[PDB]
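Read the single chain below, which is given as C-alpha coordinates and is the form deposited in one PDB entry.
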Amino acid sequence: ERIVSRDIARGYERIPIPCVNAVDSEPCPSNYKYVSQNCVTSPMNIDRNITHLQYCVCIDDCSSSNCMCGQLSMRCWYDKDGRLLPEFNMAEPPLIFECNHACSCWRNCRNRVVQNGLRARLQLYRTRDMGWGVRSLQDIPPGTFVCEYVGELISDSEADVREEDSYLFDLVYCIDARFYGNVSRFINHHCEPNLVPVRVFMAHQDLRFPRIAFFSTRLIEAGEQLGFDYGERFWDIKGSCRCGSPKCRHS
(Lines give C-alpha, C1' and ligand atoms only; values in the text may rest on other atoms or scores of the structure.)
Protein backbone atom coordinates (compact mmCIF):
# COMPACT_ATOMS: atom_id res chain seq x y z
CA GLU A 1 0.00 0.00 0.00
CA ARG A 2 1.90 3.05 -1.30
CA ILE A 3 1.27 6.55 0.12
CA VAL A 4 0.96 8.59 -3.06
CA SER A 5 -0.02 11.87 -1.30
CA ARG A 6 0.20 12.98 2.39
CA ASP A 7 -2.73 15.41 1.95
CA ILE A 8 -4.70 15.95 -1.23
CA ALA A 9 -6.17 19.07 0.54
CA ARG A 10 -2.70 20.67 1.03
CA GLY A 11 -3.54 21.79 4.52
CA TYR A 12 -7.00 23.27 3.73
CA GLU A 13 -8.85 20.83 5.98
CA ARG A 14 -8.53 20.47 9.71
CA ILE A 15 -6.82 17.05 9.16
CA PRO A 16 -4.76 15.77 6.24
CA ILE A 17 -6.54 13.58 3.67
CA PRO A 18 -3.90 11.10 2.39
CA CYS A 19 -4.07 9.27 -0.94
CA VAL A 20 -2.90 5.63 -0.93
CA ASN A 21 -2.86 2.98 -3.63
CA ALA A 22 -2.60 -0.76 -2.93
CA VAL A 23 -4.12 -1.84 -6.26
CA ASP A 24 -2.19 -0.56 -9.24
CA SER A 25 0.40 1.98 -10.34
CA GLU A 26 -1.89 5.01 -10.80
CA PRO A 27 -0.45 8.09 -9.05
CA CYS A 28 -2.57 10.54 -6.97
CA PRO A 29 -5.30 12.12 -9.22
CA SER A 30 -4.18 15.58 -10.36
CA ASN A 31 -6.54 16.60 -13.18
CA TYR A 32 -8.59 18.90 -10.85
CA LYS A 33 -7.93 21.68 -8.31
CA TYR A 34 -8.70 20.82 -4.64
CA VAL A 35 -10.91 23.53 -3.09
CA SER A 36 -12.29 23.18 0.48
CA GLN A 37 -15.20 25.62 -0.24
CA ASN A 38 -17.58 26.16 -3.19
CA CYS A 39 -16.36 28.39 -6.00
CA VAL A 40 -17.74 30.09 -9.08
CA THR A 41 -16.50 30.69 -12.55
CA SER A 42 -19.23 32.75 -14.29
CA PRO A 43 -21.13 34.92 -11.70
CA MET A 44 -23.87 33.48 -9.51
CA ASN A 45 -26.01 36.23 -8.06
CA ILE A 46 -26.45 34.68 -4.57
CA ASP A 47 -28.45 37.03 -2.29
CA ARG A 48 -25.90 38.10 0.31
CA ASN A 49 -27.87 41.15 1.63
CA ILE A 50 -27.36 40.72 5.42
CA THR A 51 -30.83 42.27 6.08
CA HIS A 52 -32.38 39.35 4.13
CA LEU A 53 -31.29 36.79 6.72
CA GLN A 54 -33.80 35.37 9.15
CA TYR A 55 -32.08 34.91 12.47
CA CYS A 56 -32.65 34.10 16.13
CA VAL A 57 -32.62 36.23 19.30
CA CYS A 58 -31.62 33.52 21.77
CA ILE A 59 -29.82 34.32 25.02
CA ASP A 60 -28.94 30.67 25.63
CA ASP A 61 -27.13 28.08 23.45
CA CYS A 62 -30.03 27.73 20.94
CA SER A 63 -31.33 24.54 22.58
CA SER A 64 -34.91 25.82 23.06
CA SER A 65 -37.94 25.59 20.75
CA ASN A 66 -37.96 29.40 20.77
CA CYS A 67 -34.90 29.54 18.41
CA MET A 68 -36.10 30.89 15.06
CA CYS A 69 -33.29 28.98 13.28
CA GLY A 70 -34.53 25.72 14.83
CA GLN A 71 -38.11 26.62 13.73
CA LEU A 72 -36.95 27.28 10.14
CA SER A 73 -35.44 23.76 10.35
CA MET A 74 -38.77 22.51 11.89
CA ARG A 75 -36.65 21.88 14.99
CA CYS A 76 -32.91 21.91 15.68
CA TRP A 77 -31.85 18.43 14.63
CA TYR A 78 -28.53 18.59 16.43
CA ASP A 79 -27.57 17.03 19.74
CA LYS A 80 -24.84 18.61 21.96
CA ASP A 81 -22.14 16.62 20.06
CA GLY A 82 -23.39 17.93 16.68
CA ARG A 83 -25.04 14.68 15.69
CA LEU A 84 -28.46 14.36 14.06
CA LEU A 85 -31.24 13.28 16.44
CA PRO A 86 -32.68 9.71 16.18
CA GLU A 87 -36.00 11.22 14.94
CA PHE A 88 -34.24 12.79 11.89
CA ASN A 89 -35.80 11.59 8.67
CA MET A 90 -32.92 10.02 6.69
CA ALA A 91 -35.31 8.87 3.94
CA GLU A 92 -36.71 12.33 3.32
CA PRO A 93 -34.44 14.92 4.96
CA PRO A 94 -35.60 18.46 5.90
CA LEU A 95 -33.68 21.65 5.13
CA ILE A 96 -31.37 22.59 7.99
CA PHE A 97 -30.98 26.31 8.83
CA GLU A 98 -27.89 26.76 10.94
CA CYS A 99 -27.40 29.89 13.01
CA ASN A 100 -25.61 32.73 11.35
CA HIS A 101 -23.81 36.04 11.91
CA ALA A 102 -27.11 38.01 12.05
CA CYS A 103 -28.21 35.87 15.06
CA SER A 104 -27.86 37.05 18.69
CA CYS A 105 -26.31 33.81 19.84
CA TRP A 106 -22.62 32.92 20.29
CA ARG A 107 -20.44 31.12 17.71
CA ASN A 108 -20.43 28.00 19.86
CA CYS A 109 -24.25 27.56 19.95
CA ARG A 110 -25.95 24.14 19.45
CA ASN A 111 -27.19 24.95 15.92
CA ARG A 112 -23.76 25.12 14.23
CA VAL A 113 -22.24 21.96 12.68
CA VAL A 114 -21.66 22.10 8.94
CA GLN A 115 -20.24 25.66 9.26
CA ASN A 116 -17.47 24.12 11.38
CA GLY A 117 -16.34 22.05 8.42
CA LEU A 118 -14.92 18.56 7.89
CA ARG A 119 -13.59 16.71 10.98
CA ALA A 120 -13.46 12.99 10.24
CA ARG A 121 -10.14 11.36 9.26
CA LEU A 122 -10.79 10.26 5.70
CA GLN A 123 -8.57 8.78 3.00
CA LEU A 124 -8.54 8.69 -0.78
CA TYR A 125 -7.70 5.15 -1.95
CA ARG A 126 -7.70 2.99 -5.07
CA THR A 127 -10.54 0.43 -5.13
CA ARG A 128 -10.34 -2.89 -7.00
CA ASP A 129 -13.41 -2.10 -9.14
CA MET A 130 -14.60 1.51 -9.24
CA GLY A 131 -11.48 3.72 -9.56
CA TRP A 132 -10.68 5.92 -6.57
CA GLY A 133 -12.95 5.84 -3.51
CA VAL A 134 -13.01 7.42 -0.04
CA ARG A 135 -12.94 5.65 3.26
CA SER A 136 -13.09 6.59 6.91
CA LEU A 137 -9.98 5.85 8.93
CA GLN A 138 -12.05 5.93 12.16
CA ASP A 139 -15.47 4.92 13.47
CA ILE A 140 -18.14 7.50 12.64
CA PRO A 141 -21.30 7.33 14.84
CA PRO A 142 -24.81 7.64 13.23
CA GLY A 143 -25.94 11.18 12.26
CA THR A 144 -22.41 12.67 12.05
CA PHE A 145 -21.49 15.35 9.55
CA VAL A 146 -18.82 13.70 7.35
CA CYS A 147 -18.11 16.09 4.44
CA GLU A 148 -19.68 18.65 2.14
CA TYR A 149 -20.20 18.17 -1.61
CA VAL A 150 -17.88 20.99 -2.74
CA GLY A 151 -17.29 22.28 -6.24
CA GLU A 152 -18.04 24.79 -8.92
CA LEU A 153 -21.53 26.36 -8.65
CA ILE A 154 -23.02 26.38 -12.22
CA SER A 155 -26.43 26.82 -13.93
CA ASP A 156 -28.21 23.79 -15.48
CA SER A 157 -27.72 25.41 -18.93
CA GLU A 158 -23.95 25.45 -18.34
CA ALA A 159 -24.04 21.86 -17.02
CA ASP A 160 -25.84 20.62 -20.20
CA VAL A 161 -22.94 21.84 -22.39
CA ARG A 162 -20.28 20.15 -20.30
CA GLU A 163 -18.61 17.09 -21.78
CA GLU A 164 -18.09 15.29 -18.45
CA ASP A 165 -21.24 14.78 -16.33
CA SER A 166 -19.91 12.33 -13.65
CA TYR A 167 -19.14 14.98 -10.99
CA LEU A 168 -22.49 16.81 -11.16
CA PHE A 169 -24.71 17.26 -8.10
CA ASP A 170 -28.08 18.88 -8.86
CA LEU A 171 -29.26 21.47 -6.32
CA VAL A 172 -32.06 24.94 -11.49
CA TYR A 173 -28.39 24.89 -10.35
CA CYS A 174 -25.62 22.34 -9.98
CA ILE A 175 -22.33 21.75 -8.26
CA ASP A 176 -19.78 20.44 -10.77
CA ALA A 177 -16.80 18.85 -8.98
CA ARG A 178 -14.92 18.00 -12.26
CA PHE A 179 -12.44 20.90 -12.39
CA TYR A 180 -12.78 22.11 -8.77
CA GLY A 181 -13.89 19.96 -5.90
CA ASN A 182 -13.04 18.59 -2.48
CA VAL A 183 -12.74 14.97 -1.23
CA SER A 184 -16.49 14.33 -2.04
CA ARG A 185 -15.84 14.22 -5.76
CA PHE A 186 -14.31 10.78 -5.17
CA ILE A 187 -17.14 9.15 -3.14
CA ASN A 188 -18.62 6.14 -5.00
CA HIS A 189 -22.30 5.31 -5.49
CA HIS A 190 -23.84 2.76 -3.14
CA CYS A 191 -27.41 1.38 -3.20
CA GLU A 192 -27.62 0.99 0.60
CA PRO A 193 -25.59 4.20 1.38
CA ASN A 194 -23.80 4.97 4.67
CA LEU A 195 -24.15 8.70 3.77
CA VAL A 196 -27.20 10.83 3.02
CA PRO A 197 -27.01 14.35 1.43
CA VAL A 198 -28.81 17.11 3.43
CA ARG A 199 -29.53 20.61 2.09
CA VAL A 200 -28.07 23.25 4.45
CA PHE A 201 -28.22 27.05 4.74
CA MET A 202 -25.60 28.94 6.72
CA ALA A 203 -24.17 32.36 5.80
CA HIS A 204 -26.95 33.02 3.28
CA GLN A 205 -30.50 31.83 2.87
CA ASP A 206 -30.84 32.09 -0.89
CA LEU A 207 -33.03 29.00 -1.42
CA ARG A 208 -31.69 28.43 -4.97
CA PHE A 209 -28.35 27.57 -3.43
CA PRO A 210 -28.43 24.96 -0.70
CA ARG A 211 -25.05 23.56 0.44
CA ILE A 212 -24.92 19.77 0.28
CA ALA A 213 -23.83 18.14 3.53
CA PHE A 214 -23.30 14.38 3.87
CA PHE A 215 -24.32 12.85 7.17
CA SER A 216 -23.72 9.23 8.28
CA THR A 217 -26.88 7.06 8.12
CA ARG A 218 -25.49 4.49 10.57
CA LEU A 219 -22.29 3.55 12.36
CA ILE A 220 -19.48 3.65 9.80
CA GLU A 221 -16.68 1.33 10.99
CA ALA A 222 -12.99 2.31 10.53
CA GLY A 223 -11.73 1.17 7.12
CA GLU A 224 -15.19 1.25 5.55
CA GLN A 225 -15.80 2.89 2.14
CA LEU A 226 -18.08 5.99 2.10
CA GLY A 227 -20.98 5.88 -0.36
CA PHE A 228 -24.12 7.85 -1.15
CA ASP A 229 -27.03 7.23 -3.51
CA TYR A 230 -26.39 9.07 -6.81
CA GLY A 231 -30.15 8.92 -7.50
CA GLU A 232 -32.30 7.93 -10.49
CA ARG A 233 -31.32 10.68 -13.03
CA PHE A 234 -27.65 9.53 -12.91
CA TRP A 235 -28.44 5.81 -13.52
CA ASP A 236 -31.00 6.53 -16.25
CA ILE A 237 -27.97 7.68 -18.34
CA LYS A 238 -25.07 5.71 -16.77
CA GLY A 239 -26.88 2.35 -16.99
CA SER A 240 -23.71 -1.21 -14.35
CA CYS A 241 -23.48 -0.64 -10.57
CA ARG A 242 -20.72 -2.54 -8.77
CA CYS A 243 -21.66 -1.56 -5.20
CA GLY A 244 -21.98 -5.29 -4.41
CA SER A 245 -25.18 -4.75 -2.38
CA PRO A 246 -27.47 -7.78 -1.89
CA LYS A 247 -30.16 -5.08 -2.34
CA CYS A 248 -28.42 -3.36 -5.34
CA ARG A 249 -30.93 -1.61 -7.60
CA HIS A 250 -28.62 -0.98 -10.59
CA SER A 251 -26.48 -4.11 -11.43
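Numbering starts at 1 and follows the sequence shown.
What comes next is about the form deposited with a small molecule bound, which is not displayed.
The small molecule is not shown here, but in the deposited bound form it comes within 4.5 Å of a heavy atom of residue 237.
Residue contact check for residue 91: none of its heavy atoms lie within 4.5 Å of the small molecule in the deposited bound form.
Taking the partner from the other structure, the small molecule in the deposited bound form has a heavy atom within 4.5 Å of a heavy atom of residue 174. Using a 4.5 angstroms threshold between heavy atoms, residue 159 counts as touching the small molecule in the deposited bound form. Proximity to the small molecule in the deposited bound form holds for none of 44, 206 and 208, with the criterion being a heavy atom within 4.5 Å.
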